[PDB]
Protein chains: 2
Amino acid sequence: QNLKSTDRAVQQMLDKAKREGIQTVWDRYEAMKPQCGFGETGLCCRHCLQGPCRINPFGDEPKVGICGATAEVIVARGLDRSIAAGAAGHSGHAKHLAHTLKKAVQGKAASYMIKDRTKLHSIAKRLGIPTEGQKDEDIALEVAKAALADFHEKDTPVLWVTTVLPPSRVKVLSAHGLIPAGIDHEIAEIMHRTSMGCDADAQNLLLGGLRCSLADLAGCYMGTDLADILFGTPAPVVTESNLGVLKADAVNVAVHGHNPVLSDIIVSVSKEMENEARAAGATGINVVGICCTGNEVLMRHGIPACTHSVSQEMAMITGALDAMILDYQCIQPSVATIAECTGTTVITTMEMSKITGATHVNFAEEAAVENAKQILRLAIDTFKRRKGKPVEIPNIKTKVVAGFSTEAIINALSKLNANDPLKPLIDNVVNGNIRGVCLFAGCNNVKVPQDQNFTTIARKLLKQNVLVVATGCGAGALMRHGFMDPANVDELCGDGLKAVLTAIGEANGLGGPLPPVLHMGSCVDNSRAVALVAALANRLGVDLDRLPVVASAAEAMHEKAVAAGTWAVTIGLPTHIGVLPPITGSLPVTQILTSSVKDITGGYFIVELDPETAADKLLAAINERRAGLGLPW
Amino acid sequence: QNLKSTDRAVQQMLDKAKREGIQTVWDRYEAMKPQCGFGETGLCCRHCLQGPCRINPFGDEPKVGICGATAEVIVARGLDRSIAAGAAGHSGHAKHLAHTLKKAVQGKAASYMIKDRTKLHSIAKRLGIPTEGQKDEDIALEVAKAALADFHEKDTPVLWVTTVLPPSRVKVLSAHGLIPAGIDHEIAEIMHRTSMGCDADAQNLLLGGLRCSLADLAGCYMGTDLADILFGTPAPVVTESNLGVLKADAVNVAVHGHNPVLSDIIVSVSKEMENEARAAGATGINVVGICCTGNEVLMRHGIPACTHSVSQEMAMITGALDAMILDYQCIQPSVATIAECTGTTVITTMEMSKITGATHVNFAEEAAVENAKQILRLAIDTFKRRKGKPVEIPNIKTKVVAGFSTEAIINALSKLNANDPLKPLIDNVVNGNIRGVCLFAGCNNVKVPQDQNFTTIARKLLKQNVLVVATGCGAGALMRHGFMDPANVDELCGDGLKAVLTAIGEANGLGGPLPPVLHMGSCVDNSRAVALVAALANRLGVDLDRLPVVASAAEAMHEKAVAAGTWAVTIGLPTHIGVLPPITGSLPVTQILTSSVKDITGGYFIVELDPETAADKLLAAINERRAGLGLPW
Ligand code: SF4
Ligand code: SF4
Ligand code: FES
Ligand code: FES
Ligand SMILES: [Fe+2]
Ligand SMILES: [Fe+2]
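Residues numbered from 1 in each chain as written, not as in the entry; some residues may be left out. Chains lettered and ligands numbered in written order. Heavy atoms only, no water.

Quick note on the threshold: UniProt positions are given in the numbering used here, feature names are shortened, and annotations may be inferred rather than shown by experiment.
The PDB entry lists chain A under the name Carbon monoxide dehydrogenase 2, with Carboxydothermus hydrogenoformans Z-2901 as the source organism. Checking UniProt for chain A, the heading Catalytic activity contains the comment "CO + 2 oxidized [2Fe-2S]-[ferredoxin] + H2O = 2 reduced [2Fe-2S]-[ferredoxin] + CO2 + 2 H(+)". In the Sequence similarities part of its UniProt record, chain A is described as follows: "Belongs to the Ni-containing carbon monoxide dehydrogenase family."

Spelled out as C-alpha cells, the structure:
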C-alpha cells in the first residue's frame, strides 16, 4: 500500500477497503491504465463536432487537426480552457462570499456579521473606499459591491489584481496587456478565443492564459479577504491531523469542499447541539475537516483535519464517519456510492453541485442556522444507526501548529522589530540563515504516491535553510507527516533556519520554535503568500522576479492548480509542477512555458516529476535569485 | 468529389487543389480516420491532471472515471462546456457591438452612428428605457449600458431573455430555475460546476446547460439588436452566391468571420477606394462574403456571398482571392498556410484571434476608416502581384433574394392585412396552405457531404408546404443550390406554399413570389426567427411549444451550433441535429435530451443522421403540433 500512499493511516484503510471489496480511487486508476497518450500529451481536440481530432506525437498522419489547428494551437487552447475552469471555481467561491457579506450588512442573513473590522477597513483603504465618518455596514456594502464589480468590465481593471501587486509588477503586466478587465469577462474570452476558428497562434493564446490566470489570483485574493472579514483573520492555532482525529463514541461530521460560508456555521451550530447529540448516546459532535473547507476551519478554529485530496474516501472506510457535508470542488463523486457500504450520510448543499445518490439539503445564508440544524440532525440519526457496530479508526495522528495568515506572520516578526517587522526576515535572507522561501500548494494526484513529492522536496529544502510555507492539500500532506509540529524542528531544519524559527517562537511566548513549515491556509489563501511576498518586494524596492521565492505544486491535480501555477509564473516566480501537464506534445508551447516566458514576466515553469531532482532545481532557482541580489549562496 | 461536396463549384476547386498538391479540410479529415470512439461518444474526460479518463461504451473496465465520475456525468459535463463555449462566442460578438455603440454616441468613433432610429426606440421601449423627451444619443447610451449589464448579476435577470420571450414561456423557465442571471456569470458557473469534484448529477448538470443556452440566445438577440441599430435593419435585397461572384479583373476581397463592426466599414471604404484600385489596373474592389460576416453584409447591402463554412479554402484555390479579412470564429486556420501557395493575403484584425503566418492589422473602432484603408491597400498590392497569372474561377453562381428580417417579413405581410400583419400567415397555417415553419441553422461539417442534409430535408419540407427560413451556413447551403431564387418556386414548393409566397410577393410589387426559402441572416440572427415565432405565439395566445415550428441544425459543427440547438429546445421547439453530438455514450443523457426534456420545456432534440428520415421526423413533429391545436394535417 506504500506504493499508493505514504500515509500509514491511509495504508491501513486501503487494506480494509480491499478486505471488504470497496473500490477506491487507486483501483479506478489501475483500471484506467494505460491512459490515452494523445490526451496525456495534449494532442487531442474536441472543440467542434468534426472531432475528435488527435495528432500523433511522432510518425505519420494525423499531423494536424481537421480545421488546420496545429499541435501548438491545440495544446495552448486546451491549457487555456483549464486555466479558465480554475478561475471559474474561484469566481464562484469569491462571489458566494461577496453575496453573503452583502446580505449580512443589509440585514438579510443574521447568522453572518463583520467579525474583523480591522481587516474590513484595511481592505477598504487598499481599494480607495473612504472609511472616515462611515458606518462599518456601509463600508462593507461598498467592499462587497467592489468585489462584485471586478467580475465584469468597468472603468477600472480588476482591482483585486492591480491593488495587491507592487506597482512595478502592475506596470510590467500592463505593458504586455496582461491585466484582467473583469474576472468572468476573462473566463468568457478564453472560452471564445479557444473555440473553433478563432485564436490560432500559440504565443497569443498563452498570453491570454496568463491574463486569465490573474483573474484566478483575483478570485483567490477576494475569497481570502471576504472570508477574513466574515469569519476572522487566522492567528496561530494548535490542533491535530489524520484519521485518528475521528472518535468512535462521537458523531463524526466531516466538512468537505471549499467555502467557509457553510463550514463556519456548521462549527458554531455543532457546539450548540452538543446536548442533543448526548441525548442520542454520543459524547458530542466531532467536526473534522477534509480538503480546503477543512483548512478554513482549522485555520480559524483549530478544527482537526481528518484527511485530504486523493485519500478522502478513506475517512468513510473507518466506519465511523456519520456525515460528510459538501459544498463544491474536489469532492470525488465516488463518495456517494461508498456511503451505501460505509453507513455515512453524504449531504450536498449547493444548487450547482449535486451528486446522484446523496441527500441534498439546500443551505441558504438567510436560514443558515436552521439549515445547519437539519443537516446535523441527519448526522445524529446516522450515528444512532451504528450503535454497537465495530469501527476501525487508525490510531494515527500528528500535532499541527497552524494559523499563519500574513497578518499573523508580520505580528510574530514584530516581536523582533516592532516598527519594521519584515526587516528581521530580510536580515536573515541576506545573512544566509534563510536561503529563500518556497510555497508548497495544490493537490495530491493518484499518479504520485500520496505525499511523496511534497515530503521529499520539503525535507531537502528545509535542510538547506529554506523557509517553507504551505496551503491547501500541500499543507495537508506536510501536516499529516509532522512538518507542522515544532518538535520536529531539530530533525528537519538546517541550523540557520532553526535559529530563525527559534528566535521568532521564543519572542512570541512559546519557549519553543515556530513549526518547520508555516501553514498559510486554504487554496484561495495562496493569496496570503502573494501578500507576504509582495510586502517583502515593496520593503526591498524590487519586483517579485528578483526575490529568492519559488513555488511548487508538487502533486497537482485540479484545474485550479493549473490556474495557480500559471499566475505564480505570471507574477514572477519559478514555479515547479510535479505532474505532467498536457503540454509535452508541443515543443514550442513547452519552450514558452518553461523558458521564454522568463522574458515576459520573469517567472517560468519547472516541470519535473522526480522529486529529488525537483528539489535541486528549486534550490538552483532560489540561489540564482540570491546571486542576482549580490548575496552569497 | 461529389462525396465531399454537392456544390459543383467546390468540386471544381477540389480537383484543382488535388492537381496542385494543396491539402484541404477533406484531406485532413481522411487523415484523421478512424476517429476516436471515446471522444465520438462523449466518454472521455480531461478535466483534471489525473486524466485522461475514458469509459468503454460496452464491455469491461474502464467503467468509471478515476474520481468516480460516471458516464452520464462525463457526457453531461462535456456537453455543458460546449454550450458555454458557444455562449462565449456570442458574448464576445455582442459585447464588441455594445462597446462600439457606446463609443459612437460618446463621440469616440465617428465612423459609426445610429442608422436605425426606429429600431433603437423599439428596443429601448422593450427594455423599459424612457424615450419621450430624450436625445437619441442618450437613449442609445442607455441601451448600450443595459446590454453590458446583462453580462453580470444585477437586480434583474438577463433582459435579453426575459423581454424577448412570451411571459408564459418566461414563467415556465423561471419555475425550473432556467432564466440566466448574467451572460458571463452563467458561462463561468458552467466552467465551475463541470470542473473536478463539483456537479455530478446528470439532470442537475443538464439543467445548468439549458440555462447557459439561454445566455447564448441573449447574446445572439443582443448582437442582432445592436447591429441593426448601427448598420440598419435588413430589407429585401437581391444578389448572387458561389465562387463565380469572384472577378478575375477586380481586387477580390473576402470578409470572413462574424462581426459587422469590421465588414460594414470594409464595404463603405471599398467604394471610396475604387479609383485607387483602378490606378492599380483593376476594375474596382469586389467585396465578397464568407460565413456570417458575409451574411451580415449580404443582408444589409447585397454583397454577394462567395462560399461558406467547410468549403472556405476553395475561394483561395481559384487564385483570384487577393485578401481574406478576418475577425473571429469559424475561420479554418489552414487559410494562413494555403495563402502561401495561392497568393492570398490573409489579414487578422482582432487582438484575441490571430493566426500564425497571417498579417495582423489592428482594427480599432476609433480609427476604422484609417485601418480599413491600410487593409485594402494590402489587397491592392496583392492584386498587382497576380497581374498576368491565370486564375480558375468556376463559372457557377445562383441568384439570391434575401434580407428577410422579422421587420421585413411583418411589413411584407402587412400588404395583405395592414393592422394585423401576422393574421394572413396564421390564416394559412390554419387552412393548411402552410403546414408549419422550419428554421435551418448552423454549419456544414466535413463528416456530411457538403449541403446534402440541408437540401434533402428542405426539398421534402417545401413539397409538404412548410414555410422554410434559414440563417448562417444553412442559409448559405440553401442559397448556393438555388433555394433563394424565386424562379425555383414552381419546382420546389407545394401548391399551398406556392400560393402564399405568390400572394405575398405580388402584394409587395414584384410580379412574382417570395423565394422558396426566406433568408433571415447570420447565426446571431437566429434571434430574428425567435422574434417571429414569439410574435406568432403572442398573437395566438399560446406558448412556443404549441406552435407547428421546428428547427434543424442539419450539418452542425461549432460549439455555437450546440448552444443554439440547446436554446431551441429550451424555448420549446423540436430541434433536429444531423450530426452526432457526443452523447451516445450515455443512455440516460440521451433520454433526457431526446425525450424527458419535453416535460420541462416542451422542446426536445431529434438526433437523426439520415436526412430523408430526418425530414419525416420533422414533419411528424410539425403535424403533432398541428393536431394539438385541433388543426387538420
Ligand atoms: S476545432 Fe479543429 S481540431 Fe478541434 S475538433 Fe474541431 S476540427 Fe478538430
Ligand atoms: S475529473 Fe475525474 S474523470 Fe475527469 S480526468 Fe479528472 S479523474 Fe478523470
Ligand atoms: S484521443 Fe484520447 S484524449 Fe482524445
Ligand atoms: S480517449 Fe480519444 S477523445 Fe479522449
Ligand atoms: Fe481546495
Ligand atoms: Fe457564424
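**Examining the site of ligand 1**
Applied cut-off: Summary of the distance rule: residues count as near a molecule or strand when at least one heavy atom falls within 4 Å of that molecule or strand. Polar here means any residue outside two lists: the nonpolar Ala, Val, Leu, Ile, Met, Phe, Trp, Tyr, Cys and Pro, and the charged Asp, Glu, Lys and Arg; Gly therefore counts as polar.
Every residue lining ligand 1 is accounted for by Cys45(A), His47(A), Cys48(A), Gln50(A), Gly51(A), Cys53(A), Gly65(A), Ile66(A), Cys67(A), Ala69(A), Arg77(A) and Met196(A). Its residues placed into classes, the shell around ligand 1 shows seven nonpolar, four polar and one charged.

**A short note on the relation of the copies chain B and chain A**
We count it as follows: A least-squares fit on C-alpha atoms is used to superpose the copies onto one another. By the convention used here, residues are in contact when the closest approach between their heavy atoms is within 4.5 Å.
Its rotation angle being 180°, the transformation that places chain B on chain A also includes 0.0 Å of axial translation and leaves an RMSD of 0.0 Å. Taken together, the rotation and translation relating the two chain copies correspond to the operation of a two-fold axis. Of the C-alpha atoms belonging to chain B, the one lying closest to the rotation axis is found on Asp184(B), 2.8 Å away. Mapped onto chain A, 100% of the interface residues of chain B are again interface residues, and the two copies thus contact each other with one and the same surface.

**Focus on the sheet that holds strand 14 (residues 549-553) of chain A**
Residue and element names in this part refer to chain A. We apply this condition: What makes two strands pair is DSSP finding at least two bridges between them. By definition, any uninterrupted DSSP run of H or I lasting at least four residues is a helix, any uninterrupted run of E lasting at least two residues is a strand, and each is numbered from the N terminus. Under this scheme, a helix contributes an axis fitted over its contacting stretch, all axes are lines through C-alpha atoms, and angles between N-to-C directions fall in the 0 to 180 degree range.
The six strands are arranged 13-12-11-14-15-16 in an open sheet whose pairing can be described as parallel. Looking along the sheet, the strands with just one partner apiece sit at the ends: strand 13 (517-521) and strand 16 (604-607). The sheet shows a mean angle of 25° between the axes of neighbouring strands, taken without regard to direction. Note that strand 11 (residues 437-440) and strand 14 share four bridges and pair parallel. Note that in strand 14 the partner of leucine 439 across the bridge is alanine 551. In this fold helix 19 (residues 452-463) packs onto strand 11, strand 12 (467-471), strand 13, strand 14 and strand 15 (574-577), with an angle of close to 170° to the strand it touches most, strand 11.

**Re the interface of chain B and chain A**
Heads up, the condition is: Here the quantity called buried area is the total loss of accessible area, with a 1.4 Å probe, experienced by two parts when brought into contact, counted for both. The term salt bridge refers to a pairing of a side-chain nitrogen on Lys or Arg with a carboxyl oxygen on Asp or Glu at a separation within 4 Å. Between N or O atoms, a polar contact is any pair within 3.5 Å; within protein, one atom must be a potential hydrogen donor and the other a potential acceptor, and residues adjacent in sequence are included only when both atoms are from side chains.
At the interface, 85 residues of chain B touch 85 residues of chain A. Three residues, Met32(B), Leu49(B) and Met352(B), lead the burial of chain B against chain A; their summed loss comes to 11% of the area buried on that side. Taken together, the connections running from chain B to chain A amount to two salt bridges. For the salt bridge of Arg81(B) with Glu559(A), the shortest nitrogen-to-oxygen distance reads 2.8 Å. Viewed at the interface, chain A and chain B are joined by 54 residue pairs in polar contact. Elements with a contribution of two residues or more to the side of chain B that touches chain A: helix 2 (25-32), helix 3 (37-41), strand 2 (53-54), helix 4 (71-105), helix 9 (183-193), helix 10 (202-231) and helix 24 (559-570) of chain B. Of the residues assigned to the side of chain B that touches chain A, the class counts are 41 nonpolar, 27 polar and 17 charged.

**Topic: the pattern of salt bridges**
Put simply, the rule is: Each residue is placed in one exposure class: buried if its accessible area under a 1.4 Å probe, protein chains only, is under 20% of its type's maximum, exposed if it is over 50%, and partly exposed if it falls in between.
What the rule picks out here adds up to 70 salt bridges over all chains. Note that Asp427(A) is salt-bridged to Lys423(A), the shortest N-O span being 2.8 Å. Of this pair, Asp427(A) and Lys423(A) both sit in helix 18 (residues 422-430), four residues apart, which is roughly one turn of the helix. For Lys423(A), a relative accessible area of 32% puts it in the partly exposed group. The salt bridge involving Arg193(B) is made with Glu189(B); its shortest N-O contact spans 4.0 Å. Separated by four residues within a single helix, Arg193(B) and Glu189(B) lie in helix 9, roughly one turn from each other. Overall, the relative accessible area of 2% leaves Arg193(B) in the buried class. One connected set of salt bridges, linked through shared partners, spans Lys119(A), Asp228(A), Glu296(A), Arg300(A), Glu407(A), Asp525(A) and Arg528(A).

**Remarks on the site of ligand 2**
Lining the immediate environment of ligand 2, one finds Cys45(B), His47(B), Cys48(B), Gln50(B), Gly51(B), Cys53(B), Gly65(B), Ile66(B), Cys67(B), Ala69(B), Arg77(B) and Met196(B). A breakdown of the residues in the shell around ligand 2 according to their chemical character gives seven nonpolar, four polar and one charged.

**As for the domain arrangement of chain A**
Residue and element names in this part refer to chain A. The cut-off we apply is this: Domain boundaries shown here were taken from an automatic or database domain assignment.
For chain A, the assigned domains read domain 1 (60-234), domain 2 (235-403) and domain 3 (406-633). Buried area between domain 1 and domain 3, both sides added, is near 3100 Å², and the carbon and sulfur share of it is 69%. Of all residues in domain 1, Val75, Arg169 and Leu210 give up the largest surface area on contact with domain 3, accounting jointly for 18% of the area buried on that side. The interface formed by domain 1 and domain 3 includes four salt bridges.

**As for unusual backbone geometry**
Here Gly51(B) and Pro52(B) are connected by a cis peptide whose omega angle stands at 5°. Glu61(B) connects to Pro62(B) through a cis peptide bond whose omega is 5°. In this fold, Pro62(B) is placed in the loop between strand 2 and helix 4. One non-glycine residue, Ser309(A), lies in the positive phi region at around 50°. By secondary structure assignment, the location of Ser309(A) is in the loop between strand 6 (305-307) and helix 14 (313-317). Non-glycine residue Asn465(A) carries a positive phi angle of around 70°. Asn465(A) sits in the buried class, given a relative accessible area of 15%.

**Regarding the coordination of the iron ion (ligand 5)**
All names here are of chain A. Our working rule: Donor criterion used throughout: N, O or S atom within 2.8 Å of the metal, extended to 3.2 Å for Na, K and Ca. Water excluded; incomplete-looking sites may result.
Of the protein atoms, only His258 (NE2) and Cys292 (SG) coordinate the iron ion (ligand 5), at distances of 2.0 to 2.3 Å. With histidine 258 in the loop between strand 4 (251-256) and helix 11 (260-272) and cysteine 292 in helix 13 (residues 291-301), this pair connects stretches of sequence that are 34 residues apart. Accessibility assignment for this pair places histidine 258 and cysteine 292 in one class, buried.

**Details of the packing of aromatic side chains**
For clarity, the threshold we go by: Stacked, tilted and edge-to-face are the three classes assigned to paired rings of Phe, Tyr and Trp, where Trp is represented by its six-membered ring and a pair needs centres within 6.5 Å; plane angles under 30 degrees give stacked, over 60 edge-to-face, the rest tilted. Only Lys NZ and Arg CZ are tested; either one counts as a charge over a ring when it is within 6 Å of the ring centre and within 35 degrees of the ring normal.
Inspection of the entire model under this criterion finds four aromatic pairs over all chains. Ring geometry for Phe440(A) versus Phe454(A): centroids 6.0 Å apart, planes at 80°, classification edge-to-face. One end of the pair, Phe440(A), is in strand 11; the other, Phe454(A), is in helix 19, and 14 residues separate them in sequence. Under the relative-accessibility criterion, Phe440(A) is labelled buried at 0%. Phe454(A) gets classed as buried once you look at its relative accessible area, which sits at 0%. Measuring from ring centre to ring centre gives 6.1 Å for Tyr112(B) and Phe231(B), while their planes differ by 70°; the resulting arrangement is edge-to-face. Of this pair, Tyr112(B) sits in the loop between helix 4 and helix 5 (117-127) while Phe231(B) is found in helix 10, placing the two residues 119 residues apart along the sequence. Classification of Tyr112(B) as buried rests on a relative accessible area of 4%. Positioned above the aromatic ring of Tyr604(A) is the side chain of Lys598(A), whose terminal nitrogen or guanidinium carbon lies 4.4 Å from the ring centre. Geometry around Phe38(B) places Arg54(B) over its ring, the cationic atom sitting 5.8 Å from the centre.

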